[PDB]
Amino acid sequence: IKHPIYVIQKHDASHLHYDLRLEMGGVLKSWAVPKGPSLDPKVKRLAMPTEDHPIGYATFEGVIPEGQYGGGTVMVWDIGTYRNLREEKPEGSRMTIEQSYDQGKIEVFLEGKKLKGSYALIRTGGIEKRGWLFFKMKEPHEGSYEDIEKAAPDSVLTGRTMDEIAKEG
């Protein structure tokens, strides 16, 4: 519905993992994030690049046959839009989202229902599976951080659990 799309799908495949996707250059650039996003700016999550997906896949919630790529249950875990923070810079520090991605340094403000705030995706040269680091960007906070995966486990589109999606198709 709104653009540029940000979506995370929770994906019960071989193992449970999250797929993060951001719209750019007409597709959803995608990463698999084994343990999902963290709200804590000290937590580094690893983000393994996966295939580009079509824009309309952002609201796919249902079941892919076991044995296929993407096989298992897919939940639309969070969805919204994002803003590219790297456009908010003095002249000659500005970077479009595509230039950001090409450089291996993406800083965005995610406008989701579960995640809302500044997050970084940083490309690495030597983490296994062409790893990137995915983390909440540092800002003032007092207190411990919610475990968003525990606190908000269900579909942002339908409110269903993973097992309800698997049973219903």
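In this text, residue numbers run from 1 along the sequence as written.
Undergrad: Higher average CA B factor in the deposited record is what I'm after, so tell me if that's 100-108 or 120-128.
TA: Going by the record's values, the stretch with the higher mean is 120-128.
Undergrad: Do the C-alpha atoms of 12-20 or of 148-156 have the higher average B factor in the entry?
TA: Stretch with the greater average CA B-factor: 12-20.
Undergrad: Can you tell me which of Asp40, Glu61, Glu66, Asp52 has the maximum CA B-factor listed in the PDB entry?
TA: If I rank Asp40, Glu61, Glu66, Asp52 by C-alpha B-factor, first place goes to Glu66.
Undergrad: If you rank the chain by CA B-factor, which third does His141 end up in: lowest, middle or highest?
TA: Highest third - that is where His141 ends up once the chain's C-alpha B-factors are sorted.
Undergrad: Determine, from the deposited record, the chain-internal third of the Cα B-factor for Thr73: lowest, middle or highest.
TA: Middle third - that is where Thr73 ends up once the chain's C-alpha B-factors are sorted.
Undergrad: Quick check for you: using the entry's CA B-factors within this chain, is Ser93 in the lowest, middle or highest third?
TA: Tercile = highest for this residue's CA B-factor.
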